[PDB]
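Which chain is which? The protein sequence lines are A and B, in order. Mapped onto full-length UniProt numbering, the consecutive letters of the first sequence carry residue numbers 1 to 144, 161 to 299. Mapped onto full-length UniProt numbering, the consecutive letters of the second sequence carry residue numbers 1 to 149, 159 to 299. For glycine and all other residues, C-beta sits at the position ideal for the given N, C-alpha and C. Below you'll find the structure, written out as structure tokens, and then a few comments.
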Amino acid sequence: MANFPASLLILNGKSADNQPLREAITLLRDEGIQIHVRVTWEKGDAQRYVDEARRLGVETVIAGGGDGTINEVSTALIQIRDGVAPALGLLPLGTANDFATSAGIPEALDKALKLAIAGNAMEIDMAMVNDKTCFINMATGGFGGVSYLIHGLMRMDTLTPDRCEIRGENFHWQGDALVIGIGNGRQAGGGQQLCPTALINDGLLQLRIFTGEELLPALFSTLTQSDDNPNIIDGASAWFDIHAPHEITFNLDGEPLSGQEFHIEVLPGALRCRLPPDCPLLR
Amino acid sequence: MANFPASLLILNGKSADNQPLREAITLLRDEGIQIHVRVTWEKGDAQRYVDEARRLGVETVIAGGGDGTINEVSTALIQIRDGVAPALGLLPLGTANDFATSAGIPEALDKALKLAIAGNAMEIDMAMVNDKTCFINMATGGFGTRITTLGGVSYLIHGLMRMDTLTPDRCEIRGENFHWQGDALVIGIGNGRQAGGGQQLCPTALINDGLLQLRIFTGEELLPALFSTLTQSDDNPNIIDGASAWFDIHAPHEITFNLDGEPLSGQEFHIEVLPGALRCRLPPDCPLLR
Ligand SMILES: [Ca+2]
Ligand SMILES: [Ca+2]
Ligand SMILES: [Ca+2]
Ligand SMILES: [Ca+2]
Ligand SMILES: [Ca+2]
Ligand SMILES: [Cl-]
Ligand code: NA
């Protein structure tokens, strides 16, 4: 049990009846291991249980669910408070598991629980948008069958390039953009690689601008072709300022955000997270 | 026919009084080497002497001048279908000599003259645009306003490109697997790598790959991007690179191009490489060779 600090588990209602997990937890609770369990029903709950988690003094808050749940927990975990925030643990259960997957967290439910409770925690970055919202994995923006891939990666339907200005460290670009990709992580919308170089502990944010009228084929392209594609502009910076005369809307790991101005900054080592010793996203 | 096949030097008038050159030629002519000399005065002469070089059965026609002179000779040489045309020889003369420079030919006349005569020949490319004008080195185009009625980036813009003020404008560009559209400031399409005295527009370019290199500069300024390293360039969002055997340029608002000096305006440009269209005597360690 010394190898298993206490832990509160925030579980998405969509898995509230997942028996195999119930059994795994029951076993662990048998060795004197403390594992609290809470289940969310809507947005806002995660925050509530992370707060109880702090009060309970647990060392780990495990997010059980998809990227949306990881984001809500992580967000609540970086909230400026009194005392040392618990570390973040990952238990992939949602349909959308991009971050968890990209980070290399075990498929085996029981094997992921061990990592989330016993694993060592590495400090990692986080992106903040307009000082109000956050995201740990990916932000994608655009203006306005294979449609499922377009709507699966974003709340968009039929994209159209519109004008927007973008600034960052040693970076200034302007023109018509179809899709703006800013990642802390590397993939989104179910396996689609967008910022293949991203590292979650470098203090940077990978930017990827897709120009032109087409997009899907670029997506199915190799890393060699995408590099020769004049309609793909890569960038990297701790921050980015986006200005779009016509309202652009981003998708922050599931949560929509619209507007004409976006300030995006990395919050270096904002939270600890139990990742495998050889995580692909780690410097 | 030997270590020094007979050659015919096409000396651009502006350098007819060069004493050192005359001194070199004379010494080689003493050693039994045969070097015919013809000096141009205006457009058309180069072609007239290339025809004469043919009748004299020389194995090399040496362009004694800048990129402009090299173009005139190459363009005439490229038109020879009857058997084997003479190889192109290079000299470091003329105001604008970016090609010879980038090719790494000797700065010393006596040395460069010997390479131009005895050096080995290699098949190289040439670009042709709109079925009328060719170029062996670089084609640059700028959007904005032409010069209306001396050095560095200022020379390239106001001098070579003969531009008053550069101002981004819309243009559409197509290539084998290339299709970009948007506001552009300056377009560089080269068979060679530099123009305007040193300015490296298409650093990767090779003269025997059967491809052309494209560099699109976007954004409001040109100077800063021109002083970037080979890396800052690959990371510059306003610099776009492309390679293709051909390129179609469409500029809604008449764009002005510059093919090794001679201008060619219009709103439509088709550029295509002519793979190994000519042989050119080059030094073994030539940076432009694949
Ligand atoms: Ca604190
Ligand atoms: Ca990062
Ligand atoms: Ca690219
Ligand atoms: Ca070439
Ligand atoms: Ca670039
Ligand atoms: Cl979820
Ligand atoms: Na030259």
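Query	Result
Report all residues for which the CB-ligand distance to some heavy atom of ligand 2 is below 7 Å; order them along the chain.	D125(A), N200(A), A214(A), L215(A), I216(A), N217(A), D218(A), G219(A), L220(A), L221(A), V282(A)
Are the Cβ atoms of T145(B) and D173(B) separated by less than 8 Å?	yes
Anything in the region 236 to 252 of chain A with a Cβ closer than 7 Å to a Cβ of chain B? List those residues in chain order, please.	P246, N247, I249, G251
Whose CA, out of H188(A), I216(A), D51(A), lies closest to the CA of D82(A)?	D51(A)
Could you tell me the alpha carbon to alpha carbon distance between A6(A) and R171(A), rounded to whole angstroms?	38 Å
Nearest CA to the CA of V61(A): which residue from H36(A), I198(A), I216(A)?	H36(A)
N120(A) by DSSP, collapsed to three states: which one?	coil
How many angstroms separate the CA atom of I248(B) from the CA atom of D244(A)?	12 Å
Any idea what DSSP makes of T60(A), helix, strand or coil?	strand
State the Cα-Cα distance for the pair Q34(B) and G142(B), rounded to the nearest angstrom.	44 Å
For ligand 7, is there a heavy atom less than 7 Å away from the beta-carbon of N97(B)?	yes
Mind listing which residues of the region 189 to 200 of chain B have their C-beta closer than 8 Å to chain A's C-betas, in chain order?	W189, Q190, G191, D192
Just the Cα atoms here: how many angstroms apart are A76(A) and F278(A)?	21 Å
With DSSP collapsed to three states, give me the class of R29(B).	helix
For a test of the three-state rule: what should DSSP assign to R179(B), helix, strand or coil?	strand
Mind checking which residues open and close the alpha helix (DSSP H) that includes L165(A)?	163 to 169
When you check each C-beta in the region 167 to 189 of chain B against every C-beta of chain A, which residues fall closer than 7 Å?	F187, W189
Please classify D244(B): does DSSP put it in a helix, a strand, or coil?	helix
Around the Cβ of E72(A), are there at least 16 other Cβ atoms within 10 angstroms (buried) or fewer (exposed)?	buried
Measure the alpha-carbon distance for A260(A) versus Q241(A) and round it to whole angstroms.	28 Å
Could you check if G83(A) belongs to the surroundings of ligand 1, using beta carbon to heavy atom distance under 7 Å?	yes
Compute the distance between the beta-carbons of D269(B) and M138(B), then report whether it is under 8 Å.	yes
Where the beta carbon is closer than 7 Å to any heavy atom of ligand 5, which residues qualify, in chain order?	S242(B), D243(B), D244(B), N245(B), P246(B), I248(B), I249(B), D250(B)
Identify the residues that DSSP records as bridge partners of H36(B): which are they?	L8(B)
State the DSSP-derived secondary structure class of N267(A), mapped to helix, strand or coil.	strand
Could you check which residue in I182(A), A116(A), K43(A) has the C-alpha nearest to that of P292(A)?	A116(A)
Quick check on this structure: which residue in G57(B), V195(B), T148(B) has the alpha carbon closest to the alpha carbon of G228(B)?	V195(B)
Would you kindly report the start and end of the unbroken alpha helix (DSSP H) that includes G68(B)?	67 to 77
If I'm right that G32(B) touches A63(B) with Cβ under 8 Å, what's the distance once you round it to whole angstroms?	Wrong, their Cβ atoms sit about 24 Å apart, outside the cutoff.
Would you say the beta carbon of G205(B) is closer than 7 Å to some non-hydrogen atom of ligand 6?	no
Given that a residue counts as buried once 16 or more other Cβ atoms are within 10 Å of its Cβ, and exposed if not, what is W41(B)?	exposed
Examine the Cβ distances between the region 209 to 224 of chain B and the region 285 to 299 of chain B and report whether three or more of them are shorter than 8 Å.	yes
Does the distance from the CB of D30(A) to the CB of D67(A) come in under 8 Å?	no
Going straight from the alpha carbon of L223(A) to that of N130(A), what length do you get?	17 Å
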